[PDB]
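One structure below.
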Amino acid sequence: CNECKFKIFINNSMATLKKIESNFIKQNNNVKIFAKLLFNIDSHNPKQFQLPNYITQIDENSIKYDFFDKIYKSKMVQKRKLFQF
Amino acid sequence: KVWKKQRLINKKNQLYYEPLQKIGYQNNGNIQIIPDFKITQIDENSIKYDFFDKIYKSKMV
Amino acid sequence: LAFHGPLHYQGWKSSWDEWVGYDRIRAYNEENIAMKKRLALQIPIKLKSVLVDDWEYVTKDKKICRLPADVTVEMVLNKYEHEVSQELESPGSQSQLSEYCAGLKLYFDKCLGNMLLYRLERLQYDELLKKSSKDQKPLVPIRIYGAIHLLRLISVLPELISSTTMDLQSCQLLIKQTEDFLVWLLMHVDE
């Protein structure tokens, strides 16, 4: 089980105080909003459906290219807003 | 508003770090650059992104 | 203020210096040289009949009958950068859309197997994983899953968002974009 693997890998005697997810962000790209919930994906067992009754080198180049694309999109939206205004 | 800084904290447990978000954090300054009194591990990309976002927000006015 | 045990090594001769770069931990002089050697939140209600409609529609119909489903999340996520990214968002950076879209794709690439499934849907996933293991290729859930479950995915994020120790205006921005998507899907009822 995933909880069994988490217990036998980290929770037993190794890196209890040290956060494994601390160095996670040094190799992951295009994930910024949520990173803490990705680490403990094996600490919780899955369950069936229910509903409440109320209801860094290559990464630097990648983000540089993304910034260049967003700058060109910002220029395009500036043209769009001056056209619609 | 004065904002008379925070005059730094020693290396004990009071100095707490948590980097989560880079765009629109509204952390009122008090950052440091990396390659309670909450401080974020900000970098060049986040500062330059939020600076560009603010100057593109304000240029209507 | 020393990376090693607090007191260049003070109280020693000059022929002992070392300025290499490794990990640095203070630990209060290693607990004072080991005691001197041991003494010597919820989504708003706007158009939410869809959840109660498909809640009873997965008991026996599972909301999909074709294994190669023609509905894909790639096109409906591509339209976000071409329709409302230049219309509703303020001028500036499209990070709040593109970064979240990439994170959503990476979340959908591994969300299967950990909740978000029903028993017959679990059997459906089991049969597609055996049928996709005959050529030892990775299982991409983009080409074989519809966009119906995206609403239930963004509805099952918020109660696990607070399950981790992280700040509140992140939740505020997350529900802000959740409101943005529900506004987007207000009129797009055919998809």
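Residue numbering restarts at 1 in every chain; chains get A, B, ... in the order shown in the structure tokens, and ligands count up from 1 in that same order.
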
*alpha helix (DSSP H) per DSSP on the backbone: members of chain C, as a PyMOL selection string*: chain C and resi 27-39+49-55+73-78+80-83+95-108+119-131+149-156+158-161+168-187

*For chain B, list the residues within 12 Å of chain A, counting only C-alpha atoms, and write the list as a PyMOL selection string.*
chain B and resi 17-25+34-35+41+43-46+48-49+52-53+56-57+59-60

*Within 9 Å of residue 55 in chain A, counting only C-alpha atoms, which residues show up once you throw out same-chain ones fewer than 3 positions away? Write them as an MDAnalysis selection string, please.*
(chainID A and resid 51:52) or (chainID C and resid 42:43 45 48 51:52)

*Might you pull out every residue within 10 Å of residue 84 in chain C, with only C-alpha atoms counted and same-chain residues fewer than 3 positions away left off, and present them as a ChimeraX atom specification?*
/C:79-81,87-89,97,180,184

Pull C-alpha atoms from the residues just selected and write them as a CSV table (one decimal), in the first residue's frame.
```
chain,number,residue,atom,x,y,z
C,79,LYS,CA,-9.3,27.9,-25.5
C,80,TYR,CA,-8.5,29.5,-22.1
C,81,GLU,CA,-5.4,31.3,-23.5
C,87,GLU,CA,-10.6,39.5,-22.4
C,88,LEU,CA,-11.3,39.2,-18.7
C,89,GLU,CA,-7.8,39.2,-17.2
C,97,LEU,CA,-3.8,31.1,-16.3
C,180,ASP,CA,-13.5,32.3,-13.0
C,184,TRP,CA,-16.6,30.5,-17.9
```

_Contacts of residue 58 in chain A within 12 Å, only C-alpha atoms, excl. fewer than 6 positions in-chain, as number ranges by chain_ = A: 26-29, 64-65

Mind writing the picked residues with C-alpha atoms as a short mmCIF file (atom, residue, chain, number, x, y, z; two decimals), in the first residue's frame?
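Now in again25.cif:
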```cif
data_model
loop_
_atom_site.label_atom_id
_atom_site.label_comp_id
_atom_site.auth_asym_id
_atom_site.auth_seq_id
_atom_site.Cartn_x
_atom_site.Cartn_y
_atom_site.Cartn_z
CA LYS A 26 14.68 22.62 -7.57
CA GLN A 27 13.82 20.10 -10.33
CA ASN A 28 10.07 20.58 -10.91
CA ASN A 29 8.98 23.10 -13.54
CA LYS A 64 12.75 32.64 -19.87
CA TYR A 65 10.99 31.37 -23.01
#
```

_as a PyMOL selection string, could you give me every residue of chain A near chain C (at most 12 Å apart, counting only C-alpha atoms)?_
chain A and resi 1-3+28-55+63+66-82+84

Could you write out that same residue set with N, CA and C atoms as a CSV table (one decimal), in the first residue's frame?
```
chain,number,residue,atom,x,y,z
A,1,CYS,N,0.8,-1.2,0.0
A,1,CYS,CA,0.0,0.0,0.0
A,1,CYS,C,0.9,1.3,0.0
A,2,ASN,N,0.3,2.4,-0.4
A,2,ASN,CA,1.0,3.6,-0.5
A,2,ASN,C,1.4,4.1,0.9
A,3,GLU,N,0.5,4.0,1.9
A,3,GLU,CA,0.7,4.3,3.3
A,3,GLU,C,1.8,3.4,3.9
A,28,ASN,N,11.4,20.5,-10.3
A,28,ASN,CA,10.1,20.6,-10.9
A,28,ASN,C,9.8,21.9,-11.6
A,29,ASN,N,9.3,21.9,-12.8
A,29,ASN,CA,9.0,23.1,-13.5
A,29,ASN,C,7.5,23.2,-13.8
A,30,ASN,N,7.0,24.4,-14.0
A,30,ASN,CA,5.6,24.7,-14.3
A,30,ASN,C,4.6,24.2,-13.3
A,31,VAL,N,5.1,24.1,-12.0
A,31,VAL,CA,4.2,23.8,-10.9
A,31,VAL,C,4.6,24.8,-9.8
A,32,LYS,N,3.8,25.8,-9.5
A,32,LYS,CA,4.0,26.8,-8.5
A,32,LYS,C,2.9,26.9,-7.5
A,33,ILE,N,1.6,26.8,-7.9
A,33,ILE,CA,0.5,27.1,-7.0
A,33,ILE,C,0.5,26.1,-5.8
A,34,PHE,N,0.6,24.8,-6.1
A,34,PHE,CA,0.5,23.8,-5.1
A,34,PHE,C,1.7,22.8,-5.2
A,35,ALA,N,2.5,22.7,-4.2
A,35,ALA,CA,3.6,21.8,-4.1
A,35,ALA,C,3.7,21.0,-2.9
A,36,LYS,N,3.1,21.5,-1.8
A,36,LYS,CA,3.1,20.8,-0.5
A,36,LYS,C,2.2,19.6,-0.6
A,37,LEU,N,1.0,19.7,-1.2
A,37,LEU,CA,0.1,18.6,-1.3
A,37,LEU,C,0.6,17.5,-2.2
A,38,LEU,N,1.5,17.7,-3.1
A,38,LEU,CA,2.1,16.7,-4.0
A,38,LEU,C,3.0,15.7,-3.3
A,39,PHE,N,3.6,16.2,-2.2
A,39,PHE,CA,4.5,15.3,-1.5
A,39,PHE,C,3.8,14.2,-0.7
A,40,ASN,N,2.8,14.6,0.0
A,40,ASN,CA,2.0,13.6,0.8
A,40,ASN,C,0.8,13.0,0.0
A,41,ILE,N,1.1,12.5,-1.1
A,41,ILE,CA,0.1,11.8,-1.9
A,41,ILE,C,0.0,10.4,-1.6
A,42,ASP,N,1.0,9.8,-0.9
A,42,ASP,CA,1.0,8.4,-0.5
A,42,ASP,C,0.6,8.3,1.0
A,43,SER,N,0.6,9.3,1.8
A,43,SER,CA,0.3,9.3,3.2
A,43,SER,C,-1.2,9.1,3.5
A,44,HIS,N,-2.0,9.3,2.5
A,44,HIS,CA,-3.5,9.2,2.6
A,44,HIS,C,-4.0,8.1,1.7
A,45,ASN,N,-4.8,7.2,2.3
A,45,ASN,CA,-5.3,6.1,1.5
A,45,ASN,C,-6.5,6.6,0.6
A,46,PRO,N,-6.7,6.0,-0.6
A,46,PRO,CA,-7.8,6.4,-1.4
A,46,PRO,C,-9.1,5.9,-0.8
A,47,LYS,N,-10.2,6.5,-1.4
A,47,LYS,CA,-11.6,6.1,-0.9
A,47,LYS,C,-12.6,6.3,-2.0
A,48,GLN,N,-13.7,5.6,-1.9
A,48,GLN,CA,-14.7,5.7,-2.9
A,48,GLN,C,-15.4,7.1,-3.0
A,49,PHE,N,-16.2,7.3,-4.0
A,49,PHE,CA,-16.9,8.5,-4.2
A,49,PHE,C,-17.9,8.8,-3.2
A,50,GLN,N,-17.9,10.1,-2.7
A,50,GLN,CA,-18.9,10.5,-1.7
A,50,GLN,C,-19.2,12.0,-1.9
A,51,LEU,N,-20.3,12.5,-1.4
A,51,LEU,CA,-20.7,13.8,-1.6
A,51,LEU,C,-21.5,14.3,-0.4
A,52,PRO,N,-21.1,15.4,0.2
A,52,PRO,CA,-21.9,16.0,1.3
A,52,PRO,C,-23.3,16.4,0.9
A,53,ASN,N,-24.2,16.3,1.9
A,53,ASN,CA,-25.6,16.7,1.6
A,53,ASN,C,-25.7,18.2,1.4
A,54,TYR,N,-24.8,19.0,1.9
A,54,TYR,CA,-24.8,20.5,1.8
A,54,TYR,C,-24.7,20.9,0.3
A,55,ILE,N,-23.8,20.2,-0.4
A,55,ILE,CA,-23.6,20.5,-1.8
A,55,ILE,C,-24.6,19.8,-2.7
A,63,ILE,N,11.6,29.0,-18.3
A,63,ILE,CA,10.9,30.1,-17.8
A,63,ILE,C,11.2,31.4,-18.5
A,66,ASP,N,9.0,31.1,-21.6
A,66,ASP,CA,7.7,31.4,-21.1
A,66,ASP,C,7.4,32.9,-20.9
A,67,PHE,N,8.4,33.6,-20.3
A,67,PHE,CA,8.3,35.0,-20.1
A,67,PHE,C,8.3,35.7,-21.4
A,68,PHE,N,9.1,35.3,-22.3
A,68,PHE,CA,9.1,35.9,-23.7
A,68,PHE,C,7.8,35.8,-24.4
A,69,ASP,N,7.2,34.6,-24.3
A,69,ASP,CA,5.9,34.3,-24.8
A,69,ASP,C,4.8,35.2,-24.2
A,70,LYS,N,4.9,35.3,-22.8
A,70,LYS,CA,3.9,36.1,-22.1
A,70,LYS,C,4.1,37.6,-22.4
A,71,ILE,N,5.3,38.1,-22.7
A,71,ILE,CA,5.6,39.4,-23.1
A,71,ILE,C,5.0,39.7,-24.4
A,72,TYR,N,5.1,38.8,-25.4
A,72,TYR,CA,4.5,39.0,-26.7
A,72,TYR,C,3.0,38.9,-26.6
A,73,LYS,N,2.4,38.1,-25.7
A,73,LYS,CA,1.0,38.1,-25.5
A,73,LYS,C,0.5,39.4,-24.8
A,74,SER,N,1.3,40.0,-23.9
A,74,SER,CA,1.0,41.3,-23.3
A,74,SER,C,1.0,42.4,-24.4
A,75,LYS,N,2.0,42.3,-25.3
A,75,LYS,CA,2.0,43.3,-26.4
A,75,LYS,C,0.7,43.1,-27.3
A,76,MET,N,0.3,41.9,-27.5
A,76,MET,CA,-0.8,41.6,-28.4
A,76,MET,C,-2.1,42.1,-27.6
A,77,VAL,N,-2.2,41.9,-26.3
A,77,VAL,CA,-3.4,42.4,-25.6
A,77,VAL,C,-3.4,43.9,-25.4
A,78,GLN,N,-2.2,44.5,-25.5
A,78,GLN,CA,-2.1,46.0,-25.5
A,78,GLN,C,-2.7,46.5,-26.8
A,79,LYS,N,-2.3,45.9,-27.9
A,79,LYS,CA,-2.9,46.2,-29.2
A,79,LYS,C,-4.4,46.0,-29.2
A,80,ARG,N,-4.8,44.9,-28.6
A,80,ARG,CA,-6.3,44.6,-28.6
A,80,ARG,C,-7.0,45.6,-27.8
A,81,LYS,N,-6.5,46.1,-26.6
A,81,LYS,CA,-7.2,47.1,-25.8
A,81,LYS,C,-7.2,48.5,-26.5
A,82,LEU,N,-6.1,48.8,-27.2
A,82,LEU,CA,-6.1,50.1,-27.9
A,82,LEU,C,-7.0,50.0,-29.1
A,84,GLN,N,-9.9,48.1,-29.2
A,84,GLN,CA,-11.3,48.1,-28.7
A,84,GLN,C,-11.6,49.4,-28.0
```

*Which polymer residues have any atom within 12 Å of an atom of residue 36 in chain B, counting only C-alpha atoms, with same-chain residues fewer than 6 positions away left out, as an NGL selection string?*
:B and (6 or 9 or 13-17)

Output N, CA and C atoms for every residue in that selection, as an mmCIF file, in the first residue's frame.
```cif
data_model
loop_
_atom_site.group_PDB
_atom_site.id
_atom_site.type_symbol
_atom_site.label_atom_id
_atom_site.label_comp_id
_atom_site.auth_asym_id
_atom_site.auth_seq_id
_atom_site.Cartn_x
_atom_site.Cartn_y
_atom_site.Cartn_z
ATOM 1 N N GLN B 6 11.969 45.577 9.537
ATOM 2 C CA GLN B 6 11.818 44.615 10.621
ATOM 3 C C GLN B 6 13.135 44.290 11.313
ATOM 4 N N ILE B 9 16.108 39.043 12.072
ATOM 5 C CA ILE B 9 15.870 38.079 13.136
ATOM 6 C C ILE B 9 17.032 37.090 13.146
ATOM 7 N N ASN B 13 14.650 29.559 15.836
ATOM 8 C CA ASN B 13 13.395 29.086 15.262
ATOM 9 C C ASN B 13 12.410 30.206 14.953
ATOM 10 N N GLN B 14 12.654 31.427 15.438
ATOM 11 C CA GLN B 14 11.756 32.538 15.134
ATOM 12 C C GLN B 14 11.805 32.903 13.654
ATOM 13 N N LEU B 15 12.975 32.784 13.034
ATOM 14 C CA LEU B 15 13.131 33.054 11.606
ATOM 15 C C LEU B 15 12.507 31.907 10.820
ATOM 16 N N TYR B 16 11.328 32.149 10.252
ATOM 17 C CA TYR B 16 10.552 31.123 9.567
ATOM 18 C C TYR B 16 10.502 31.445 8.079
ATOM 19 N N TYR B 17 10.739 30.433 7.248
ATOM 20 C CA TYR B 17 10.731 30.571 5.799
ATOM 21 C C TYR B 17 9.647 29.686 5.196
#
```

*Mind checking which residues fall within 10 Å of residue 29 in chain B, counting only C-alpha atoms, ignoring those fewer than 6 positions away in the same chain, and posting them as an MDAnalysis selection string?*
chainID B and resid 3 5 39:40

Just the selected residues (N, CA, C and O atoms), exported as a compact mmCIF listing (two decimals), in the first residue's frame, please.
```
# COMPACT_ATOMS: atom_id res chain seq x y z
N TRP B 3 6.31 51.97 7.65
CA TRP B 3 7.00 50.72 7.33
C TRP B 3 8.48 50.80 7.72
O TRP B 3 9.38 50.89 6.89
N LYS B 5 10.73 48.87 8.51
CA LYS B 5 11.47 47.62 8.27
C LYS B 5 11.13 46.60 9.36
O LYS B 5 10.09 46.71 10.03
N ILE B 39 8.53 35.79 5.98
CA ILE B 39 9.40 36.19 4.89
C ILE B 39 9.41 35.08 3.85
O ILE B 39 9.30 33.89 4.18
N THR B 40 9.55 35.46 2.59
CA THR B 40 9.47 34.54 1.47
C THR B 40 10.81 34.46 0.75
O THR B 40 11.55 35.44 0.68
```

*asked:* Calculated over only C-alpha atoms, which of the candidates B:2, B:47, B:61, B:12 has the smallest distance to chain C?
replied: B:12

*Residues flagged strand (DSSP E) by DSSP in chain B, as a list in words*: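 Taking chain B and keeping strand (DSSP E) gives residues 16, 17, 32, 33, 38, 39, 41 and 42 of chain B.
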
Grab the residues selected above and save them as an mmCIF file, in the first residue's frame with N, CA, C and O atoms.
```cif
data_model
loop_
_atom_site.group_PDB
_atom_site.id
_atom_site.type_symbol
_atom_site.label_atom_id
_atom_site.label_comp_id
_atom_site.auth_asym_id
_atom_site.auth_seq_id
_atom_site.Cartn_x
_atom_site.Cartn_y
_atom_site.Cartn_z
ATOM 1 N N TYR B 16 11.328 32.149 10.252
ATOM 2 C CA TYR B 16 10.552 31.123 9.567
ATOM 3 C C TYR B 16 10.502 31.445 8.079
ATOM 4 O O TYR B 16 10.251 32.593 7.696
ATOM 5 N N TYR B 17 10.739 30.433 7.248
ATOM 6 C CA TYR B 17 10.731 30.571 5.799
ATOM 7 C C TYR B 17 9.647 29.686 5.196
ATOM 8 O O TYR B 17 9.497 28.523 5.584
ATOM 9 N N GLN B 32 14.355 38.410 0.746
ATOM 10 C CA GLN B 32 15.761 38.183 0.452
ATOM 11 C C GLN B 32 15.858 37.389 -0.844
ATOM 12 O O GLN B 32 14.911 36.714 -1.254
ATOM 13 N N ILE B 33 17.015 37.485 -1.493
ATOM 14 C CA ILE B 33 17.236 36.884 -2.805
ATOM 15 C C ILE B 33 17.975 35.566 -2.627
ATOM 16 O O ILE B 33 18.976 35.497 -1.904
ATOM 17 N N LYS B 38 6.614 36.901 8.660
ATOM 18 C CA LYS B 38 6.669 35.976 7.535
ATOM 19 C C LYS B 38 7.538 36.564 6.429
ATOM 20 O O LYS B 38 7.310 37.696 5.988
ATOM 21 N N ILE B 39 8.528 35.795 5.984
ATOM 22 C CA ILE B 39 9.404 36.190 4.889
ATOM 23 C C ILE B 39 9.414 35.075 3.853
ATOM 24 O O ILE B 39 9.297 33.890 4.183
ATOM 25 N N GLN B 41 11.107 33.274 0.216
ATOM 26 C CA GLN B 41 12.321 33.057 -0.572
ATOM 27 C C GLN B 41 12.060 33.541 -1.994
ATOM 28 O O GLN B 41 11.792 32.770 -2.918
ATOM 29 N N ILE B 42 12.138 34.852 -2.164
ATOM 30 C CA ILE B 42 11.894 35.470 -3.455
ATOM 31 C C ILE B 42 13.165 35.384 -4.296
ATOM 32 O O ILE B 42 14.279 35.261 -3.779
#
```
